[PDB]
Amino acid sequence: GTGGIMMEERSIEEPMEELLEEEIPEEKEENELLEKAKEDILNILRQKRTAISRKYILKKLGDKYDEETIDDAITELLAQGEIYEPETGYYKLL
């Protein structure tokens, strides 16, 4: 539309409320740690190129990353489809 997104119906979701325009909360998280965590897990999985136990991963990276961070990393990798579990508790990088 002209200036704003006004359609056939008068779409005025943009009001004259100067009390609050948008003001987006800054969510600038340093996800580098999680990136390195996933990368490290992938390095481990790649090193043997076999299905590695999730508990073994938690054990091995226990001195390198927090369990929670490892869990998020695993979940991210699983969601990204880079790893899969052919057996319960065992994960394999594709």
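Note: ideal-geometry Cβ built from the backbone for every residue, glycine included; neighbour counts use all protein chains shown. Taken together, the values in this text are just the output of simple stated rules run on the coordinates, not laboratory data.
Applying both filters, DSSP loop and at most 13 other Cβ atoms within 10 Å, to the GluC sites (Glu not before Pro) of the range 15-59 gives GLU17, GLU18, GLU21, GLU22, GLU23, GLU26, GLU27, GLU29, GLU30. Between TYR65, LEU78, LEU45, the Cα set farthest toward the positive side of the dipole of the range 32-93 (charges on each charged residue's Cβ, about the Cα centre) is that of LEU45. Both radii come from the Cα set of the chain: Rg as radius of gyration, Rh as Kirkwood radius; their ratio Rg/Rh reads 1.36. Roughly how tilted is helix 32-48, in degrees to the nearest 10 and between 0 and 90, from the longest Cα axis of the chain? So the helix axis and the longest Cα principal axis differ by about 30 degrees. Taking all Cα pairs closer than 8 Å and separated by 6 or more residues, the relative contact order of the range 32-93 comes to 45 percent.
How do 72-79, 43-50 rank on mean C-beta neighbours within 10 Å, highest first? Before the final figure, lay out the partial values.
On the way: 72-79: 16.6, 43-50: 12.1.
Per-residue Cβ counts within 10 Å, averaged per peptide and sorted highest first, yield 72-79, 43-50.
Mind scanning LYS59/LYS92; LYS36/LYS60; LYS28/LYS48; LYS38/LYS92; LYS28/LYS92 and naming the pairs with a C-alpha gap bigger than 25 Å? Violating the 25 Å limit, Cα to Cα: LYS28/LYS48; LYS28/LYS92.
In terms of other Cβ atoms within 10 Å, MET16, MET6 run from fewest to most in the order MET16, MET6.
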